[PDB]
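Presented below, as structure tokens, is a lone chain in the form deposited in one PDB entry.
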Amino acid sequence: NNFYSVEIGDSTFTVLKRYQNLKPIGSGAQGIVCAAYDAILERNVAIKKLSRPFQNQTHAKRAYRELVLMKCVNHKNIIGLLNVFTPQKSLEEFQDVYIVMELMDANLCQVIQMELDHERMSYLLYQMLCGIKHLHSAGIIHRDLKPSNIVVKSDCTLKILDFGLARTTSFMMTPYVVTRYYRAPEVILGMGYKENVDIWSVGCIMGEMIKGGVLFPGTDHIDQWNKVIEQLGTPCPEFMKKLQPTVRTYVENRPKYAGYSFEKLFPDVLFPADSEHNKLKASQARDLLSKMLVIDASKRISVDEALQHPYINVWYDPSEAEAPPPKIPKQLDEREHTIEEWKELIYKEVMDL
């Protein structure tokens, strides 16, 4: 009726007539989405087709949370929901959901390819830190931040696609993707997490921008773990006492590394060179890299203190940082229910807007 279906993008896509010229922009990140032009609002918009959201229990939990969270999150550095629609008119035959949001030119991974400058790099990192603070403002910790979860436009405006792994494993189900490269020590040691875990992830991304490759490439679960202490250093005794016994020895049992200093791990040579100012802000980069790339969680730099760091404080505007916190309605965002009950609630979620 008011919907038309397109067969390109390797699947039948049924959209409102407002969106036309559907062009596939899908990739390795969770889900396959395409690009289209929304005539009514005169803006190009990316649309995602969620296949079988209630197919299984874990599918619904990830589809349900992101749907309620992106609906009620209002931030420049977090992607937002413009319109939500489903072609089916029946809950009984309800099958698929489509998500539309502001289209962006590329992901962080692509921008990492092009080596950048201090002024642009600081702005990219600054935006990520304000997004985390807004999420931590509502009590949300992502624990899955990665260069493929982060999208940017050509004016270097940064947005975050995923809302995290929620509450919890390095062997997740089909909707999730493990992506262990940018994970913290606590995520791999099962010791527990607080809000400073995300600081670790941006540290690996910032180092990846400078170095040009993944800082800690691990073949398996703990090859990453060996990679971390190989360069940063062996954790000092106070940290090793508090881990649970079964892996506490294993941390102690493996070969000890003194570790490399950040000075030669991140040398000034690749940084911008003939400048002093870039060389000085290279000193501003390494000092903060020191404060976030510490395996000990409790004395890690926080995002609030990271946001007021001289490297990042230059862009400090309270609009992005000291924003009003988001409230989530889903009070039981801590629970699971029936597959059929899962299907009905997301159906009610999509249909009231």
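Here the rigid core means the biggest group of C-alpha atoms that line up within 1.5 Å when the two forms are laid on top of each other. Sequential numbering from 1, following the sequence displayed.
When the other structures are laid on the shown form by the core, the C-alphas of 236-244 and 197-205 differ in how far they drift in 4 other deposited structures of this protein; the larger average drift belongs to 236-244.
Displacement analysis by core superposition in 4 other deposited structures of this protein ranks 312-320 above the other of 42-50 and 312-320 in root-mean-square C-alpha distance from the shown form.
Modelled in this chain, residue 343 is likewise resolved in all the other entries of the protein that span it on both sides, not missing from even a third of them. Of the other compared PDB entries of this protein that include residues on both sides, all give residue 181 atoms, none of them, and so not a third, leaving it without. Missing deposited residues between residue 329 and residue 330: 1 to 3, all without coordinates in the entry. Count the deposited residues lacking coordinates between residue 168 and residue 169 and you get 1 to 3 of them. In this entry, 235-243 has the higher mean Cα B-factor, the comparison being between 118-126 and 235-243.
Here the stretch with the larger average CA B-factor, out of 255-263 and 106-114, is 255-263. When the CA B factors of the chain's modelled residues are split into thirds, the value for residue 293 lands in the middle one. Among the modelled residues of its chain, residue 74 has a C-alpha B-factor that falls in the lowest third according to the deposited record. Ranked by C-alpha B-factor against the other modelled residues of its chain, residue 299 falls in the highest third. Per the PDB record, residue ranking by Cα B-factor puts residue 177 in the middle third of the chain.
Residue 248 sits in the highest third of its chain by CA B factor, as recorded in the PDB entry.
As for the form solved in complex with a partner chain, it is not shown, yet the points below apply to it.
Segments offered: 91-99, 119-127, 263-271, 67-75. Contacting its partner chain in the bound PDB entry at heavy atom distances within 4.5 Å is 119-127.
Out of the listed residues 45, 314, 32, 41, 314 is the one that sits within 4.5 Å of its partner chain in the bound PDB entry by at least one heavy atom.
Of the residues given (202, 81, 282, 111), 111 alone sits with a heavy atom within 4.5 Å of its partner chain in the bound PDB entry. Of the heavy atoms in residue 141, none are within 4.5 Å of its partner chain in the bound PDB entry.
Although the partner is absent from this view, residue 177 stays clear of its partner chain in the bound PDB entry, with no non-hydrogen atom inside 4.5 angstroms.
Put simply, residue 227 is far from its partner chain in the bound PDB entry: not one heavy atom of it is within 4.5 Å. By the criterion of a heavy atom within 4.5 Å, residue 156 is counted among the residues contacting its partner chain in the bound PDB entry.
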